[PDB]
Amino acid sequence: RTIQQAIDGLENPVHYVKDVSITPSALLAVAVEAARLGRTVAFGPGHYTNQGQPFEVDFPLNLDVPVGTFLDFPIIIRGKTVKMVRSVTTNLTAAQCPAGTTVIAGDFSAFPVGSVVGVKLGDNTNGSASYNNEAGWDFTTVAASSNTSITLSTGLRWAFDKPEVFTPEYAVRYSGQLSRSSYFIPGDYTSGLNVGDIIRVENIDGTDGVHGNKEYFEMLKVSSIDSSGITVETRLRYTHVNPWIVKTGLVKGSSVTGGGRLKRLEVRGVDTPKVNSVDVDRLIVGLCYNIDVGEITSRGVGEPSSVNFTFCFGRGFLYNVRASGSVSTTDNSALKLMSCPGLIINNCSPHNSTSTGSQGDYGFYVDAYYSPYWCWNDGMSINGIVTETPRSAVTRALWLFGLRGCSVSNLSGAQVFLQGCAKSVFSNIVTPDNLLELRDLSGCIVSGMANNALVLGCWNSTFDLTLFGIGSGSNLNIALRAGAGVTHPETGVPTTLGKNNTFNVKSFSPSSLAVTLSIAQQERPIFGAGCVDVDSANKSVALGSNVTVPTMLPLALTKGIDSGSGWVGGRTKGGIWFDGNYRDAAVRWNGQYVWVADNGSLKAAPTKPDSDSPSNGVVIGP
């Protein structure tokens, strides 16, 4: 009967998964068939648990997950970080494969002498920050191989746990410098690369990492190629010296949308992933290009992060994200980004982060160190981050580290830490109940309002702050404290004195204990014309150890200011116009009030004159 066949077909659309009991292998076959067409797999209502197994694909996945569908199992889309011809896994420990290792045991017969070989951490280890390698890739050449060992031509830069050793499909050493902001890489790569391929550029000898470190890399998409060189779709973010150029195998697109719920989604190694309008309890996006992720909610799964983004390159968008429910024992964050240059971030609202010991679990954290790598967060635009204090002994809530050339605005709710940033603007910071902590910023502009503030180090920076209170702990009774730095963020030079920082502080604490500004370990601090405090305070300017060339413009501080011969005042052409008579052009100067009288003479008196000729007045001249 054709009618029965027709109705059976109508009741069971291809590409519509509606049986929660679909086997893992049948679900995989659905996804394989959809990918041949490039179309979506859609789901009917229900609670799907996939026999408790992860569902992993290495090809494009386009899911429509509607309201009423819960995909309650791990879904992992995983492309190839480096495209490989062969690989040998290993169970050596980091102690058996320490930094500088050149000989690795295993069956390496098929690895030709002189070929390029790469080494990565095994897929069943997280490595360790203790030997500075949780995410590292190393490239070198084969000096010798046998069915018992391989000899590398240069030693491994870091220790590896469970090293996996492989031959890249296409990997070439560049001789010379690829400068940041370039778009053309000279050379003949036509034997290995095509338009649309994504390459990894792995620095070896350059120093354009955070703190001047040499471990960093970036991904780029080839937009043109000929025998003279390749052009890439976005300009280089970092300067590389003698890098490796390596072909990746990122998956060509993937998407997850629809309004339903996913327990755990991992999107790794994808070119142009989209994740939008879903509830994802745990979301991980890593080693991707041109991401677009937004309108996401995430309740967490009790892991140290709930949503994180790692090594995302190109021009990404991250918007309208509510993330929560993370629990950590070491530093981590509900919403966490690590080295995502060029990303636009708009409107993130994290909350309910918890730490169970002595370290933090932040609401929002942008970090540039993922051992071994120190890739700058170059050129990010961040607007609209609303936080609350972690449920933690650590009250820090929002932490930005390793940003350069970034525009940052509208940060509110809980304690902000800005650390190790360069040439960036941070405005509309609104955290009136909290400390604002600032460390080792170079050429930054910081403005907004807080309870109290701490500046450690910093160079050529401006701090334009309204402060409502004073410190309670290491900054006890001080509205703004400045102290020693540690490291210049771009050069990595150890540096304890801050230099040339401008302070425009309006301090409104009504406490009789308040010390408006307490400054130490600073060269040429500048106290600007915008400084204000009120006369209930205890002290206006306390200068401590190692302050040199302190500089002041006329301001509206009301209580004690420390003295000394090193003060530099304002400088001007044109004089000044003291526009007044004895009433309102009397200049207070040491123990006198000095004024020009109505008859043109210069006078002085030890108390403010109530006439042009007070009885305690004297004529200076003529």
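Each residue number is its position in the shown sequence, starting from 1.
### Query
Of the two stretches 127 to 135 and 303 to 311, which shows the higher Cα B-factor on average in the entry?
Averaged over C-alpha atoms, the B-factors run higher in 127 to 135.
### Task
Can you let me know which of the two, 33 to 41 or 588 to 596, has the higher average C-alpha B-factor in the entry?
Stretch with the higher mean C-alpha B-factor: 33 to 41.
### Task
Among 230, 446, 467, 455, single out the one with the highest C-alpha B factor in the record, please.
Spelled out: the listed residue with the top C-alpha B-factor is 230.
### Message
Comparing recorded Cα B-factors across 423, 120, 439, 268, which one is largest?
### Response
Highest C-alpha B-factor among the listed options: 120.
### Assigned third (lowest, middle, highest) for the C-alpha B factor of residue 200
Answer is middle: the recorded C-alpha B-factor places it there.
### Message
Where does the C-alpha B-factor of residue 238 rank in its chain, lowest, middle or highest third?
### Response
Middle third by C-alpha B-factor.
### Message
Ranking the modelled residues of this chain by C-alpha B-factor as given in the entry, is residue 480 in the lowest, middle or highest third?
### Response
According to the entry, residue 480 has a C-alpha B-factor in the chain's lowest third.
### Message
When the deposited Cα B-factors of this chain's modelled residues are ordered and cut into thirds, is residue 93 in the lowest, the middle or the highest one?
### Response
According to the entry, residue 93 has a C-alpha B-factor in the chain's highest third.
### Task
Give the position of residue 276 by CA B-factor within its chain, expressed as the lowest, middle or highest third.
Lowest third.
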